[PDB]
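Before any questions on how it binds or moves, here is one chain, the form deposited without the DNA, in structure tokens.
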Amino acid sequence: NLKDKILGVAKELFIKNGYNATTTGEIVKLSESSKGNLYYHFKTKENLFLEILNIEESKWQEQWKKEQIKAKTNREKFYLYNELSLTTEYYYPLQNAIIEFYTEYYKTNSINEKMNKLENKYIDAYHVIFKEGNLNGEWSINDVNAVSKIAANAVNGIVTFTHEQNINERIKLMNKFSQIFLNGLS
């Protein structure tokens, strides 16, 4: 709990003021903890942030798990998951601190390491969809892992580098993509 309290307050601090501006000092006092406790649990702000990202990652899976029920077939799960990724991030408060964190620790392979363990989790989503899709003759892919890293990053790029147009156009495009992509698998 004192650990959970820290992660909760930290999450809010990062949202209201960003990664860089937020100090462990603030986190320490606001969660009524201590530098020692914070160190014992996370060692560094970087690690603390990675753990928040971890928790967020879990919630996203939990969400997806109950959200994918609206998609009977994997084809649909592909469509839905990509659309969800696009819409939910449009209003994800932590997104900014993440940008800040990423573009701040992508030079050090230290933190860059644990981040892939994290990204892998986001790719599993696809992995499952593509594997499951195979065992249902929805398509036939022999290099799942591959196609999965692709869908993951292709989708993230569409979500990340299309910031300017109205939300409908985006969803329209993202869907066009899921269509094209799922078609090139046949």
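Residue indices: 1-based, along the sequence shown.
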Which has higher Cα B-factors on average according to the PDB entry: 165 to 173 or 8 to 16? 165 to 173
Test of understanding: from the entry's C-alpha B-factors, which stretch has the higher mean, 96 to 104 or 81 to 89? 96 to 104
Deposited CA B-factor, highest of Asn54, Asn156, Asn142, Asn37: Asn142
Name the one of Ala125, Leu118, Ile150, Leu30 with the greatest CA B-factor according to the PDB entry. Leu118
Based on the deposited C-alpha B factors for this chain, I'd like to know if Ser58 is in the lowest, middle or highest third. middle
For the chain shown, is the CA B-factor of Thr160 in the lowest, middle or highest third of its modelled residues? lowest
Ranked by Cα temperature factor within the chain, is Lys70 in the lowest third, the middle third or the highest third? highest
Rank-wise, by C-alpha B-factor, drop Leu135 into the lowest, middle or highest third of its chain. highest
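Keep in mind that the form solved in complex with the DNA is not shown, yet the notes after this line are about it.
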Which pick from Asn156, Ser33, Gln68, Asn54 sits with a heavy atom within 4.5 Å of the DNA in the deposited bound form? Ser33
Any non-hydrogen atom of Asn134 within 4.5 angstroms of the DNA in the deposited bound form: no
Is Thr24 part of the interface with the DNA in the deposited bound form - any heavy atom within 4.5 Å? yes
Against the DNA in the deposited bound form, would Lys45 count as a contact residue? Criterion: heavy atoms within 4.5 Å. yes
Quick one: is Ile180 in contact with the DNA in the deposited bound form, heavy atoms, 4.5 Å cut-off? no
Hey, of 24 to 32, 140 to 148, 157 to 165, 117 to 125, which bit sits against the DNA in the deposited bound form at 4.5 Å between non-hydrogen atoms? 24 to 32
Taking only heavy atoms into account, state which residues of 37 to 69 are within 4.5 Å of the DNA in the deposited bound form, ordered by sequence. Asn37, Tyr39, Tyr40, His41, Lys43, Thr44, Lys45
Given a two-part rigid split of the chain between the shown form and the other one, flag whether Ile141 and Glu51 are grouped together. no
Knowing the shift is 3 Å or more, I'd like to know if the C-alpha atoms of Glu119 and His41 are closer or farther apart in the deposited bound form than in the shown chain. farther
Closer or farther: the CA pair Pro93/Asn82 in the deposited bound form, versus this form, with a change of 3 Å or more? closer
